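As a starting point, one isolated chain is supplied in structure tokens, in the form deposited in one PDB entry.
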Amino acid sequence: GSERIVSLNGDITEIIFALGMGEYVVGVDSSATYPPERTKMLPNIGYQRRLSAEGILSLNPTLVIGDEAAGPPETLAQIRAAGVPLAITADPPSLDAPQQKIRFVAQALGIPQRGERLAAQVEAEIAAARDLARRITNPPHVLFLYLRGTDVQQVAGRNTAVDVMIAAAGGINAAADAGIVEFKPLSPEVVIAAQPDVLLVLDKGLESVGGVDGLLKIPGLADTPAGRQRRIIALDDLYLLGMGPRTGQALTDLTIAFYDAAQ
């Protein structure tokens, strides 16, 4: 019997491939960039937060699977009303999200023992990266910026995935430390007070502002130690924010970079 999975979030998609079940995926979202060579060859269903039932359903799924980032809620009710099985998992901002999503997905795909194996492997890489973070004796102050050209310019504080990543890697989230919760508009006051040692951004956000030169035209950013030293870390969003099987690898990368910033 044929199995036709539609996955609604990139991290969920990454888990499906990592569990060795990628051949059954018929549709993915825009954020599904890993493994790049395999996902870019698959039909897109749109933006994970801006979904239509028509988009999902006309791929003729046997199963629709995602996490709490998938929406809107009303589209999700349309899937269930069509009688297509729908499995939505929680995705909390914590280092426990990867293992929880892995087990949920493996169970939803009837391969729970495979999910225990991958979850353990991922756990091990997370633990190994956190140990590498013990190299840092002087935690750098890090500011995460969420950028979309001039339309969106935001900082991330507490109760986010990126906050967890910054801390686990041995950095201080400078925005969080100043009391910012979730995503808030970036102000010159916040940046200047924070004096971040390093600016953390997304690949596509950094391109969208016109590279490093564009980024440093945002008011307040140039007058920070990060701005003066051009100390910018850019990661793709799925890798940094997704909390998927590669979390331990992103942490290793971040902590290596945070150590350089600490020097």
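Residue numbers run from 1 along the displayed sequence. The term rigid core refers to the maximal set of C-alpha atoms that superpose within 1.5 Å between the two forms.
J.: Which has higher Cα B-factors on average according to the PDB entry: 79-87 or 171-179?
T.: So the stretch with the higher mean C-alpha B-factor is 79-87.
J.: Mind pulling up the entry and telling me whether 195-203 or 35-43 has the higher mean Cα temperature factor?
T.: Looking at the record's C-alpha B-factors, the answer is 35-43.
J.: Per the PDB entry, which option out of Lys184, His141, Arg103, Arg135 has the greatest Cα B factor?
T.: If I rank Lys184, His141, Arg103, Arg135 by C-alpha B-factor, first place goes to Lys184.
J.: Which one of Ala234, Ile65, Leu59, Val209 shows the biggest C-alpha B-factor in the PDB entry?
T.: In the PDB entry, the greatest C-alpha B-factor among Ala234, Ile65, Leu59, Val209 is found at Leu59.
J.: Just say lowest, middle or highest third for the CA B-factor of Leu118 relative to the other modelled residues in its chain.
T.: Bottom third by C-alpha B-factor.
J.: Classify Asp96 as lowest, middle or highest third according to the C-alpha B-factor given in the PDB entry, relative to its own chain.
T.: It falls in the top third of the chain.
J.: Name the third of the chain's ranked CA B-factors that contains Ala257, choosing lowest, middle or highest.
T.: It belongs to the lowest third of the chain when residues are ordered by C-alpha B-factor.
J.: Please rank the C-alpha B-factors of the chain's modelled residues and tell me whether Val162 sits in the lowest, middle or highest third.
T.: Lowest third of the chain for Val162's C-alpha B-factor.
J.: Please say which third, lowest, middle or highest, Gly214 falls into when its CA temperature factor is compared across its chain.
T.: Within its chain, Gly214 is a middle-third residue by C-alpha B-factor, going by the deposited values.
This protein has a second form, the form deposited with a small molecule bound, left out of what is shown; the following refers to that one.
J.: Can you pick out, from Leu241, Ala18, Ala250, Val25, the residue that has a heavy atom within 4.5 Å of the small molecule in the deposited bound form?
T.: Of the candidates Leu241, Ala18, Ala250, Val25, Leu241 is the one lying within 4.5 Å of the small molecule in the deposited bound form.
J.: From the candidate stretches 214-222, 47-55, 193-201, 227-235, select the single one in contact with the small molecule in the deposited bound form, where contact means a heavy atom within 4.5 Å.
T.: Looking at the partner contacts, the answer comes out as 47-55.
J.: Is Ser31 part of the interface with the small molecule in the deposited bound form - any heavy atom within 4.5 Å?
T.: Flag for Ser31 set to yes.
J.: Although the partner isn't part of this model, could you tell me whether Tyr146 comes within 4.5 Å of the small molecule in the deposited bound form, counting any heavy atom of the residue?
T.: Yes, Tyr146 sits close enough to the small molecule in the deposited bound form that at least one of its heavy atoms falls within 4.5 Å.
J.: At 4.5 Å between heavy atoms, is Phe183 in contact with the small molecule in the deposited bound form?
T.: Answer yes; at least one heavy atom of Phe183 falls within 4.5 Å of the small molecule in the deposited bound form.
J.: Of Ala128, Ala178, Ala120, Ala90, which one has a Cα that moves 2 Å or more between this form and the one not shown once the core is lined up?
T.: The listed residue whose C-alpha shifts by at least 2 Å is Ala178.
J.: Fitting the rigid core first, would the Cα of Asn138 be found 2 Å or more away between this form and the one not shown?
T.: After core superposition, the displacement of the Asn138 C-alpha between this form and the one not shown stays below 2 Å, so no.
J.: If the two forms are fitted on the core, does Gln107 show a Cα displacement reaching 2 angstroms between this form and the one not shown?
T.: No, its C-alpha moves less than 2 Å.
J.: Does superposing the core leave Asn159 with a CA shift of 2 Å or more between this form and the one not shown?
T.: It does not reach a 2 Å shift.
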